[PDB]
Each structure stands twice: as structure tokens, then as C-alpha cells.
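> Quick one, fold the following:
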Amino acid sequence: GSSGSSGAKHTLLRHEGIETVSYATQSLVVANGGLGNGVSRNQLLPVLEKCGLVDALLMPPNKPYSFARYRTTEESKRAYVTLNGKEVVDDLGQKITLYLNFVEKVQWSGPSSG
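Numbers count the residues shown, from 1 in each chain. Please find the structure below.
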């Protein structure tokens, strides 16, 4: 069934195989970003903080996409509707357009208790 609503802007996501929900989820996925996109943690976190509290920011190596974890849903959404589509200067010095998608679950680097 080829169906999808409120999806990303590019397919880069579809390929990798990143599944994103439609509703709001404390967790989020930064598109067109990640270290691979010359985007350091101290360069991306700053934007994830100004919007809302950043509990945990997962940044996989050699991955143009990353995952963030806010403290309260409200925050996540605020950044999802704000950060998403917003541009940001990368290491190279070029403004890149990142897209944040709502994710219910994410391959975090921690043992899920329970």
C-alpha cells in the first residue's frame, strides 16, 4: 500500500528506512542533518535547546539523520513546527534545510528498561 501523509520533503528518508508517525512524540528525527551533514552536536543542540529542553540528543555516525529527545511533548512539537523547515549554517558555512519528523520509537544507545 503506497500511502503516506505529512511525510518528509525528500526521499532520502524513505530509502534509509526511517519510519515516522503523524501524531506528536517526545522523540524527533532531524532530516538533512546528522554529523554526515557537517552538523556537530554543539551546532545542532543549540537549536534544540532554544526551542525546548533537550533530554537526550542521539547523533549516529555517518548518518545524515539524527534523533532528539525533549523533556515534555509540548516542547518537541514546538520544535517540530518551528525547527522543521528552518535553515541552519553548517560547518562548511552553507545554510541547510532540516526537517523534523515525529517518531514514536528510535534506536537509542541505551537498554530499554522493562
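
> Confirm residue 29 sits in a strand?
Yes. Per DSSP: H, G, I helix; E, B strand; the rest coil, residue 29 lies within a strand segment.

> residue boundaries of the helices in the chain?
Using DSSP state H, the helices of the chain run over 12-16, 41-51, 73-82.

> buried residues in the shortest one?
What that stands for is helix 12-16. Residues of helix 12-16 classed as buried: residue 13 (neighbour count, 16 or more other C-beta atoms under 10 Å). Just so you know, the C-beta spots here come from the backbone N, C-alpha and C atoms, and that holds for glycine as well.

> same thing with the last one?
By neighbour count, and taking 16+ other C-beta under 10 Å as the criterion, the buried residues in helix 73-82 are 75-77, 79-80.

> again with stretch 88-95
Burial within stretch 88-95, assessed by neighbour count using 16+ other C-beta under 10 Å, is assigned to 88, 90.

> hey, where'd the strands end up in this protein?
In the chain, the segments counted as strands under DSSP state E are 27-31, 54-58, 66-70, 87-89, 95-97, 99-103.

> separation between residue 82 and residue 28?
According to C-beta to C-beta, to the nearest Å, residue 82 and residue 28 sit 11 Å apart.

> Ok, residue 49 next?
Applying C-beta to C-beta, the value for residue 49 to residue 28 is 13 Å.

> Who has more neighbours out of the two?
Set residue 49 next to residue 28 and count neighbours by other C-beta atoms under 10 Å: residue 28 wins out with 28 against 14.

> thinking the more buried one is in contact with residue 73, fair?
No. In this structure, residue 28 is not within contact of residue 73 by C-beta atoms under 8 Å, at 10.6 Å.

> could you dump the strands of the chain to TSV with distance to residue 4?
TSV is the format used below for the strands of the chain (distance: least, C-beta to C-beta, whole Å):
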stretch	distance to residue 4
strand 27-31	15
strand 54-58	24
strand 66-70	20
strand 87-89	25
strand 95-97	20
strand 99-103	11
